[PDB]
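Chain residues, written in single-letter form:
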Amino acid sequence: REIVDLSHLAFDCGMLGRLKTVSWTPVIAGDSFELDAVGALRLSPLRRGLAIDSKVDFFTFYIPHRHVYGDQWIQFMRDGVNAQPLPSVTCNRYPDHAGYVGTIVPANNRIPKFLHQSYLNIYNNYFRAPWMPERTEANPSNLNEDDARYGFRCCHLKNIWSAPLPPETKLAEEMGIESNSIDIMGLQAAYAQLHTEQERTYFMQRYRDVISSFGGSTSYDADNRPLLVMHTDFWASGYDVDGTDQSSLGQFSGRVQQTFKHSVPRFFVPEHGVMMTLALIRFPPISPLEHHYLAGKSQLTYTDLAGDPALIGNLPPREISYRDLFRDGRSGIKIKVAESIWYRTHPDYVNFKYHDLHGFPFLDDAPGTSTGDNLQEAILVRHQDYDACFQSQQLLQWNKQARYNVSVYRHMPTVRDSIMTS
Amino acid sequence: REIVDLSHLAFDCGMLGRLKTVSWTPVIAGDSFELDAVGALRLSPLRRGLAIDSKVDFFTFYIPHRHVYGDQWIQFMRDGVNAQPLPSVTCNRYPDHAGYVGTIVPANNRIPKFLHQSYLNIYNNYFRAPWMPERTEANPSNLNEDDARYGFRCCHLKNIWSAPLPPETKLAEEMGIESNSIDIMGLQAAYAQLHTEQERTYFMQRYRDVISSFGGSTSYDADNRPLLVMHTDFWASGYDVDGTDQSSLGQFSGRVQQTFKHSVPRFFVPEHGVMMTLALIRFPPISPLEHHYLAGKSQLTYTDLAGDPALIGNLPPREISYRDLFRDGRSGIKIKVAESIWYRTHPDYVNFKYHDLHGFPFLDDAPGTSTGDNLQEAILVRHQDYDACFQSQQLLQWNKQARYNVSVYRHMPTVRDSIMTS
Amino acid sequence: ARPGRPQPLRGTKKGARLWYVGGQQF
Amino acid sequence: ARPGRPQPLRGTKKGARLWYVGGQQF
DNA sequence: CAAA
DNA sequence: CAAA
DNA sequence: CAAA
DNA sequence: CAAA
């Protein structure tokens, strides 16, 4: 059992809303993996001074090769020195089209499946809304321009419109009645049954959550889910550079630039696999076009304003449209919110005047205003919404430079032992 | 969280070599299951006095319904009150043809899959020789008379002939050579490679064992294996009943009759499933027809007798036939043993005279002497080999009566709460 | 392995109530 | 979140030997 | 995070 | 640096 | 039970 | 035994 120093530095960059891999390391069953990443994160030069900080999220997952390669892997390992070589997957014939999984597309335009499948699995088990279509892309070449290079899009920071109730949420439960009578005992079960359905719809869409519900547990191997080993996050701040020449004097450019550590406590790697670490930069969804729900309603009813408890706990959800939340709110986008939820949270305010001011990372256009009457598309972060405020994405929206200190104890003959025959 | 008393008694019986289920209890994710089984085990009346005791093995496994029902289960659970009802499997149109899984074939000749699949899984993951064909029987009706009623056969207690080296064991490794030269550096890898192959052949045929080999681990969910919760065992002794009448005076009948406890420490049931407990009675494979290997060899060589270390550690395995171990040893049965293994173990002796004495649980006929030149068939316990010594299998070879005290804490409304509407 | 000489089994007998039948039945 | 003002990254630098090249090479 |  |  |  |  000896130390293998896999420390290495990395220079990266990506688009706002998209999730990018920043460092992946292959591990072996028996490995004791430790990772201390430290460095600084920045964003392409801004147009004006600094407005608000971006929330940066770093993740480190562990994925058994078995999760990727399936039973085909168990054999690979079982057959040992005979095993049918594991198949690789395909990327498009472009260098960058492998980015989402932290690597340049190799000479042969094909990268190892575990990189690709892991990225998916990670995305489907933690980043997409449980109700959104599960990402299934077979190969890195079924991926489109933006995705393959920048990573999949993730959800905006949770707020009233970005974190609604799953669209298929029941708004009424019908129960069969005879013609002149009703089974009150049936009506009973009816409700109970509804309950089980809601419990699920609301927060138990994933198998594990259902089991946990009974007060049980589930190995990560049960539903084949990446293992979240470590998750840190922080706010990216910086400074303004002052203009000093005849015409620039009195102008300011914001240079976001935050240092940070992302430490992963010693971890025991039970089976051969990959340790993937990804980042995700986002800006809180501030919009000069959003207003308090109550300022929007035209006919203010008791059931709205009053905030009568008796009601708030027994009414069904409420279907409202983005129109109800933004002046330019797309009306075709319907979201189901919880009653009087506008009394459980206050929205951020931006004087309209910032509306057309190039340079602030605000949503100067009602969310999903150019994706169509599609909710999911509105909820996921459209990185173009930001092209506006950057002086020049020569390094995309953001970028970072960090040193990844990695120490791994493992059964490994010494290089000498490898090169020496006798 | 309340106590549910599932204590219950059971009266059973079965054939010698076969593995029978004695008590299965369904559990729910969240259940805390505890089992204390106590009772006595006996064997049908013997012909003569008692000769030797039988080793009784009790097992208690836990099998998630997920292992049985597959992804089809995850949905069942996910869909909740909608889920497509789980399918049952088929048994033959006979009451007893469900025995192996502790139950009378129900009115509709179909029992729940988890019972059947679990029995298989248990059998394939712990009872069959790793090299023997994996049991795959789809339904309890693909099972034959004996099996379905008595349980699958298991392996005789390990000895020189019942526990040989996997039949496909390499006896020589060939390496490609040019015509006048040999790559000594290649010859090197060649050996190494062989090693990995042997390591596997010998004791790493199962995926888990391979991983463990690297110094890793594997959830029971990784290779979908039953979880061995508890395993006890004991020797079944009893007494002789003396003959007292004119002709019986001086005769004796052996009444094996051993009491026993089989306790299972509190166990946390993470997912809905089954707790199955099975038993296995066997007699040590004593035969008046077996002899010391060395007494058999005709030409005693240094390499045999000497026991020279230098040799014993570097020679390849040895192929010998049952003929070499028994007088009536079937010569078509070839087993590969380890060199000088006859010096690492001494065989049991029975004066031939007991050869044709009805009443002793010995193998009065060389193992697998009526199954043909098939090794596996010789190794597995043929229960007919014993019909000979029992006065009357009115309750098969053995039988037992025990009380299974079971206490389970679980989220469970009270019967009142179930029957009361308001 | 338990020493004792084989005893016949007794009652199949705890938590809360199970059998509601209208009143007391022995 | 770490306070400091951004520093340029240094060396990619441990266990036993890795590079055999025939002798010493700087 | 069933603020079960 | 024979991580001999 | 790698009596690795 | 309202395990009210």
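Let me begin by describing the structure that accompanies this report. (Residues numbered from 1 in each chain as written, not as in the entry; some residues may be left out. Chains lettered and ligands numbered in written order. Part of a larger assembly, values for the part shown. Heavy atoms only, no water.)

1. Here's the deal with the overall build of chain A
Across its full length, chain A carries twelve helices and 14 strands. In terms of its C-alpha atoms, chain A occupies a principal-axis envelope of roughly 90 × 80 × 35 Å. Relative to its full complement of 422 residues, chain A shows a buried share of 49%. With the model as given, the accessible surface of chain A reaches about 19900 Å², and the carbon-plus-sulfur share is 50%. The distance from the centre of the 40 positive side-chain charges to the centre of the 47 negative ones in chain A is 4 Å. (Helix = DSSP H or I, 4+ residues; strand = E, 2+ residues; numbered from the N terminus. Buried < 20%, exposed > 50% of the residue type's maximum accessible area, 1.4 Å probe, protein only. Areas by Shrake-Rupley, 256 points an atom, 1.4 Å probe, with all protein chains shown as cover. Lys, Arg positive; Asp, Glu negative; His and termini not counted. Charge placed at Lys NZ, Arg CZ, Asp CG, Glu CD.)

2. Points about empty space enclosed by the protein
For the largest cavity, the calculated volume is near 80 Å³. Lining the largest cavity, in full, are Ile160, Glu290, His291, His292, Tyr293, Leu325, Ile341, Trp342, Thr345, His346 and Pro347 of chain A. (1 Å grid on protein atoms, 1.4 Å probe; cavity = no way out; pocket = protein on both sides within 12 Å on 5 of 7 lines; lining within 4 Å. Points joined across faces, edges and corners; volume = space filled by probe spheres on them.)

3. Digging into the interface of chain A and chain B
On the side of chain B, 36 residues touch chain A, which itself brings 36 residues to the contact. Between chain A and chain B, a total of about 2900 Å² is buried, with carbon and sulfur atoms accounting for 58% of that surface. Of all residues in chain A, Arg78, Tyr207 and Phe214 of chain A give up the largest surface area on contact with chain B, accounting jointly for 22% of the area buried on that side. Joining chain A to chain B, the criterion identifies zero salt bridges. Seen at the junction of chain A and chain B, the total is twelve residue pairs in polar contact. At the level of secondary structure, the elements contributing two or more residues to the side of chain A that touches chain B comprise α2 (71-79), α5 (184-203) and α6 (207-214) of chain A. The element best represented in the side of chain A that touches chain B is α5 of chain A, accounting for six residues. When the residues that make up the side of chain A that touches chain B are grouped by side-chain class, the tally is 14 nonpolar, 15 polar and seven charged. (Contact = heavy atoms within 4.5 Å. Buried area = accessible area lost by both parts, 1.4 Å probe. Salt bridge = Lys/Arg side-chain N within 4 Å of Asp/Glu carboxyl O. Polar contact = N/O pair within 3.5 Å; in protein donor to acceptor, adjacent residues only side chain to side chain. Nonpolar A, V, L, I, M, F, W, Y, C, P; charged D, E, K, R; others polar.)

4. Let's talk about the packing of aromatic side chains
With the rule as written, the count across this model stands at 48 aromatic pairs over all chains. Between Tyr354 of chain A and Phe362 of chain A, the aromatic rings sit 6.0 Å apart at their centres with planes inclined by 70 degrees, giving edge-to-face as the arrangement. Take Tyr354 of chain A: its relative accessible area is 35%, and that puts it in the partly exposed class. Both rings, one in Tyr100 of chain B and one in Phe152 of chain B, keep their centres 6.1 Å apart while their planes meet at 20 degrees; by these two values the pair is stacked. A residue pair is termed long-range when its members are at least 10 positions apart, and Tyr100 of chain B in the loop between β6 (88-90) and β7 (110-112) and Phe152 of chain B in the loop between α4 (145-150) and α5 (184-203) qualify at 52 residues. Across the pair, exposure class does not vary: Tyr100 of chain B and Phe152 of chain B are buried alike. Ring-pair connections join several aromatic residues into one group, and the members of that group are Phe59, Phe61, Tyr126 and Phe127 of chain A. (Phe/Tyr/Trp six-rings, centres within 6.5 Å; stacked < 30°, edge-to-face > 60°.)

5. What about the packing of α2 of chain A against helix α6 (residues 207-214) of chain B?
The N-to-C vectors of α2 of chain A and α6 of chain B enclose an angle of 65 degrees; their axes lie 9 Å apart at closest approach. Considering how the two elements wind past one another, α2 of chain A and α6 of chain B form a crossing that is left-handed. In this structure, α2 of chain A uses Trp73, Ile74, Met77 and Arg78 of chain A to contact α6 of chain B, whose residues at the interface are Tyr207, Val210, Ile211 and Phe214 of chain B. For the contact of α2 of chain A with α6 of chain B, the per-class residue count stands at seven nonpolar, no polar and one charged. (Axes fitted to C-alpha atoms, helices over the stretch in contact; angles between N-to-C directions. Left-handed = near helix turned anticlockwise from the far one by under 90°.)

6. Thoughts on the relation of the copies chain A and chain B
At an RMSD of 0.0 Å, chain A and chain B line up after a rotation of 180 degrees and a shift of 0.0 Å along the axis. The operation mapping one copy onto its partner corresponds to a two-fold rotation axis. Residue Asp221 of chain A of chain A places its C-alpha closer to the rotation axis than any other residue of that unit, at 3.1 Å. Most of the interface of chain A is mirrored in chain B, where 100% of its interface residues again form contacts. (Least-squares fit on C-alpha atoms.)

7. A closer look at the pattern of salt bridges
Scanning all chains against the criterion turns up 40 salt bridges over all chains. For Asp147 of chain B, the salt bridge is made with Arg18 of chain B, and the minimal N-O distance between the two is 3.5 Å. Of this pair, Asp147 of chain B sits in helix α4 while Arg18 of chain B is found in the loop between β2 (8-14) and β3 (20-27), placing the two residues 129 residues apart along the sequence. Like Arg18 of chain B, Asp147 of chain B is buried. Through salt bridges with shared partners, a single ionic network connects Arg18, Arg135, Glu137 and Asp147 of chain A.

8. Comments concerning the sheet that holds strand β5 (residues 54-64) of chain B
Residues and elements named next belong to chain B. The strand order across the open sheet built from four strands is β3-β11-β5-β8, with neighbouring strands paired in antiparallel fashion. Single-partner strands in this sheet number two, and they are β3 and β8 (227-236). Taking the axes of each pair of neighbouring strands and ignoring which way they run, one obtains an average angle of 15 degrees across the sheet. Pairing between β5 and strand β11 (residues 273-282): ten bridges, direction antiparallel. Looking across to β11, one finds that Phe58 is bridged to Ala279. Taken strand by strand, helix α3 (residues 113-127) contacts β3, β5, β8 and β11, and its axis lies near 50 degrees from that of β11. (Pairing = 2+ DSSP bridges.)

9. Regarding the interface of chain A and chain D
Taken together, the contact pairs 23 residues of chain A with 17 residues of chain D. Surface buried jointly by chain A and chain D totals about 1600 Å² across both partners, of which 58% is contributed by carbon and sulfur atoms. Interface area lost by chain A to chain D is led by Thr259, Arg403 and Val415 of chain A, which between them contribute 32%. There are zero salt bridges connecting chain A and chain D. Inspection of the region where chain A meets chain D yields three residue pairs in polar contact. Where the side of chain A that touches chain D is concerned, the elements lending two or more residues are β1 (2-5), β2 (8-14), β4 (32-43), β10 (252-268), β14 (398-410) and α12 (415-419) of chain A. With five residues, β10 of chain A is the single largest residue contributor to the side of chain A that touches chain D. Within the side of chain A that touches chain D, the residues separate by chemical class into ten nonpolar, eight polar and five charged.

10. Details of a nonpolar patch on the surface
Residues and elements named next belong to chain A. On the surface, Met175, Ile177, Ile182, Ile184 and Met185 cluster together into a nonpolar patch covering about 500 Å² of accessible area. Turning to its location among the elements, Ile184 is positioned in helix α5. Looking at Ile184, the relative accessible area reads 59%, which means it is exposed. (Patch = residues over 30% accessible without salt bridge, like charges linked within 9 Å, V, L, I, M, F, W, Y side chains within 5 Å.)

11. Notes on the arrangement of the chains
Between chains A and B lies the most contact-rich interface of the three pairs of chains that touch. Without any contact between them, chain A and chain C keep their closest C-alpha atoms 19 Å apart. Between chain C and chain D there is no contact; the minimum C-alpha to C-alpha separation amounts to 54 Å.

12. Thoughts on the environment of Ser32 of chain B
Residues and elements named next belong to chain B. Within the fold, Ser32 resides in strand β4 (residues 32-43). Accessibility expressed as a relative area gives 12% for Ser32, which makes it buried. Look past the residues within four positions of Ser32 in its chain and what remains in contact with it is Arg1, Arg266, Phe267, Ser407, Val408 and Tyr409. Here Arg1 takes part through its side chain, which lies 3.2 Å from a polar atom of the side chain of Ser32.

13. Topic: the sheet that holds strand β5 (residues 54-64) of chain A
All names here are of chain A. Taken in spatial order, the four strands line up as β3-β11-β5-β8 in an open sheet, and their pairing is antiparallel. Strands at the two margins of the open sheet, each flanked by one partner only, are β3 (20-27) and β8 (227-236). Going from strand to strand, the sheet's axes swing by 15 degrees on average, the running direction of each strand aside. Direction of pairing for β3 relative to strand β11 (residues 273-282): antiparallel, over a ladder of seven bridges. Pairing of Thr21 across the sheet is with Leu278, part of β11. The strands touched by helix α3 (residues 113-127) are β3, β5, β8 and β11; relative to β11, the strand with the most contacts, the crossing angle is about 50 degrees.

14. As for the layout of surface pockets
A water-sized probe, rolled over the atoms, reveals where empty space remains. All names here are of chain A. Put simply, the largest pocket is a space of about 1500 Å³. Residue contributions to the lining of the largest pocket peak at five residues, all from α3. Residues belonging to the lining of the largest pocket are distributed by class as follows: ten nonpolar, 19 polar and 19 charged.

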